[PDB]
Amino acid sequence: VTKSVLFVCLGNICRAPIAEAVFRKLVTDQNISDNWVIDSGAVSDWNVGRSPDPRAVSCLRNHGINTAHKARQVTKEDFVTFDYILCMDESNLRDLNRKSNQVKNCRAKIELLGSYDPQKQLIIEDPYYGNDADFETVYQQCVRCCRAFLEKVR
């Protein structure tokens, strides 16, 4: 059956754009592309409509990955429509758990993307104030976690 994943972070301009692209390439190579609906969302609304941070685009490009990401915000309905909601850090998780209360038929499994990391680096740090190295790290964690996530949910 078709499954759906929603990657969530604070501004949806750095981490989520990277995780979504990484996951998209994984399922495309493995050829299971059409069994998954992939999307991204932000906890906040400041960057709604915005394209990814240029440092996130460069990093992805260094790995032969392209993307036409347009930031949108998470809504109450995402909890009832998506199978999985994978977020970046502690606050994301907290914010999400809190919002999934105003919703009666919540059915999305809200989890930290890093909980799937075999190297157990649970938290995926916001790189907005860092350098290109911090973006490569985020990329490295997403590969680790996404690859592990897929060989576990199908």
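In this chain, residues are counted from 1 in sequence order.
A distance of 9.5 Å separates SG in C145 from CG in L86, rounded to the nearest 0.5 Å.
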In a table with atom names and distances, give each donor-acceptor pair under 3.5 Å that connects a side chain of residues 21-28 to protein atoms at least two apart or in another chain.
unit_1	atom_1	unit_2	atom_2	d
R24	NH2	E20	OE2	2.5
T28	OG1	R24	O	2.7

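Annotation: side chain of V138 is not in contact with side chain of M88 (no heavy-atom distance under 4.5 Å). With contacts defined as side-chain heavy-atom distances shorter than 4.5 Å, the pair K109/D83 qualifies. Looking only at side-chain heavy atoms (C-beta outward), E125 and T137 stay at 4.5 Å or farther from each other. Side-chain contact between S58 and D132: absent, with no pair of heavy atoms (C-beta onward) separated by less than 4.5 Å. Annotation: side chain of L60 is not in contact with side chain of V57 (no heavy-atom distance under 4.5 Å).
At distances below 3.5 Å, not a single donor-acceptor pair connects side-chain atoms of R15 with backbone N or O atoms of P127. In this structure, the side chain of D117 does not engage the main chain of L113 through any donor-acceptor pair within 3.5 Å.
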Next item on the list: Begin from the C-alpha positions of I13 and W46 and carry the test side chain to side chain contact (heavy atoms under 4.5 Å, CB included) through to its verdict.
Entry: CA-CA 10 Å; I13 51 176; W46 332 315; over 6 Å; no
Margin query: Applying side chain to side chain contact (heavy atoms under 4.5 Å, CB included) to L112 and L122, what does each step give before you reach the verdict?
Written below: CA-CA 7 Å; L112 285 162; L122 201 56; 3.9 Å; yes
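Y139 pairs by the ring-ring contact (aromatic ring centres under 6.0 Å, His included) definition with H63, not counting sequence neighbours.
Within a 6.0 Å radius of OH in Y84, other residues, nucleotides and ligands contribute more than 12 heavy atoms.
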